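Colleague: Right, I'll just put the structure down here and ask away after.
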Amino acid sequence: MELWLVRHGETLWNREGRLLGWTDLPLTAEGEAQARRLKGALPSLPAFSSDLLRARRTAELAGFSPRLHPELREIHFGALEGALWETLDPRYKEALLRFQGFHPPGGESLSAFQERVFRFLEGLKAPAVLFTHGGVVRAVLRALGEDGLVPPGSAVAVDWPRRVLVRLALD
């Protein structure tokens, strides 16, 4: 199934390097610029979006009127929301780098996050554009044998659940 996953534009915590999950930050001026650039670079397909502000705003600026789904939200970091990556305990850093065995207090485990994301994707019966988050895109890429956290305001098209089709980044 052809699915286009879009990572929302940048927020302040992108440059600050803080874990950004359910904290509802708005896009920065540049983030909105990145979103605008997506308009015309994404196919006209039904759209779904994380209900978090930065994702919804990215979808709007990209020219879409998506159906909101909490299932497309970034992982919930719990007590780690807002934590600087730099000073994150090595055990948490490794869990996030290896994408396994991560369950922050008051948050969501990586395995539960994956279950949530993949269950949502399984329900998509036709091609669509999904406005979402870095962790969601990473979960999909990693499950397809590819690594890397695509830049803010960029997109990746995949043939779910078989392979990545194209990675699209604009300047």
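Scheme for the structure tokens: letters A, B, ... for chains in order shown; per-chain residue numbers from 1; ligand numbers from 1 in order shown.
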Within 7 Å of stretch 23-38 of chain A, counting only C-alpha atoms, which residues show up once you throw out same-chain ones fewer than 5 positions away? Write them as a list in words, please.

Modeller: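 Residues meeting the cut-off are residues 9, 10, 11, 12, 52, 53, 54, 58, 61, 62, 81 and 153 of chain A.
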
Colleague: Looking only at strand (DSSP E) from DSSP on the backbone, list the matching residues of chain A as a list in words.

Modeller: residues 2, 3, 4, 5, 6, 7, 47, 48, 49, 67, 68, 128, 129, 130, 131, 132, 155, 156, 157, 158, 159, 163, 164, 165, 166, 167 and 168 of chain A

Colleague: Atoms to include: C-alpha atoms. Write the selected residues as a PDB file, in the first residue's frame.

Modeller:
ATOM      1  CA  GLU A   2       1.472   3.353  -1.067  1.00  0.00           C
ATOM      2  CA  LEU A   3       1.739   5.586   1.998  1.00  0.00           C
ATOM      3  CA  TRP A   4       3.411   8.977   2.196  1.00  0.00           C
ATOM      4  CA  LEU A   5       4.672   9.783   5.698  1.00  0.00           C
ATOM      5  CA  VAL A   6       5.456  13.421   6.386  1.00  0.00           C
ATOM      6  CA  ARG A   7       7.524  14.576   9.338  1.00  0.00           C
ATOM      7  CA  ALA A  47      -4.865  12.621   4.227  1.00  0.00           C
ATOM      8  CA  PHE A  48      -4.618  11.661   7.880  1.00  0.00           C
ATOM      9  CA  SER A  49      -2.758  13.513  10.611  1.00  0.00           C
ATOM     10  CA  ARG A  67      -8.730  13.364   9.387  1.00  0.00           C
ATOM     11  CA  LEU A  68      -7.235  13.624  12.855  1.00  0.00           C
ATOM     12  CA  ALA A 128      -2.856   8.131   1.635  1.00  0.00           C
ATOM     13  CA  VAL A 129      -0.663  10.916   2.976  1.00  0.00           C
ATOM     14  CA  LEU A 130       0.062  10.777   6.717  1.00  0.00           C
ATOM     15  CA  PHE A 131       1.171  13.913   8.569  1.00  0.00           C
ATOM     16  CA  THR A 132       3.059  12.643  11.547  1.00  0.00           C
ATOM     17  CA  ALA A 155       8.625  12.993   3.581  1.00  0.00           C
ATOM     18  CA  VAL A 156       9.084   9.328   2.766  1.00  0.00           C
ATOM     19  CA  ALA A 157       6.907   7.183   0.526  1.00  0.00           C
ATOM     20  CA  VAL A 158       6.693   3.498   1.269  1.00  0.00           C
ATOM     21  CA  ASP A 159       5.050   0.395  -0.051  1.00  0.00           C
ATOM     22  CA  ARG A 163       9.774  -1.370   1.152  1.00  0.00           C
ATOM     23  CA  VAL A 164      10.686   2.300   1.075  1.00  0.00           C
ATOM     24  CA  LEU A 165       9.934   3.937  -2.287  1.00  0.00           C
ATOM     25  CA  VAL A 166      11.448   7.400  -1.977  1.00  0.00           C
ATOM     26  CA  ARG A 167      12.783   9.890   0.558  1.00  0.00           C
ATOM     27  CA  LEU A 168      11.955  13.503  -0.240  1.00  0.00           C
TER      28      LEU A 168
END

Colleague: Within 8 Å of stretch 83-93 of chain A, counting only C-alpha atoms, which residues qualify if same-chain residues fewer than 2 places away don't, as a ChimeraX atom specification?

Modeller: /A:16-19,80-81,95-97,102

Colleague: For residue A:107, which of A:56, A:125, A:76, A:119 is the closest residue, counting only C-alpha atoms?

Modeller: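 Smallest distance to residue A:107 is found for A:76.
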
Colleague: For atom CA of residue A:152 and atom CA of residue A:46, determine how far apart the two atoms are, in Å to one decimal place.

Modeller: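 About the pair atom CA of residue A:152 and atom CA of residue A:46: they are 21.4 Å apart.
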
Colleague: Using only C-alpha atoms, find the one residue out of A:40, A:82, A:134, A:104 that sits nearest to residue A:64.

Modeller: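 Nearest to residue A:64: A:40.
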
Colleague: Might you pull out every residue within 6 Å of residue A:113, with only C-alpha atoms counted and same-chain residues fewer than 3 positions away left off, and present them as a PyMOL selection string?

Modeller: chain A and resi 75+110+116

Colleague: Would you please give, as a ChimeraX atom specification, all residues of chain A that DSSP assigns to alpha helix (DSSP H) based on the backbone?

Modeller: /A:12-16,29-38,53-61,90-97,110-122,134-143

Colleague: Considering only C-alpha atoms, can you say which of A:55, A:149, A:20, A:140 comes closest to residue A:79?

Modeller: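 Checking each of A:55, A:149, A:20, A:140 against residue A:79, counting only C-alpha atoms, the winner is A:20.
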
Colleague: Interatomic distance between atom CA of residue A:136 and atom CA of residue A:43?

Modeller: 19.8 Å

Colleague: For a test of reading the model, state the distance in Å between atom CA of residue A:109 and atom CA of residue A:143, rounded to one decimal.

Modeller: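 If I compute the distance from atom CA of residue A:109 to atom CA of residue A:143, I get 16.5 Å.
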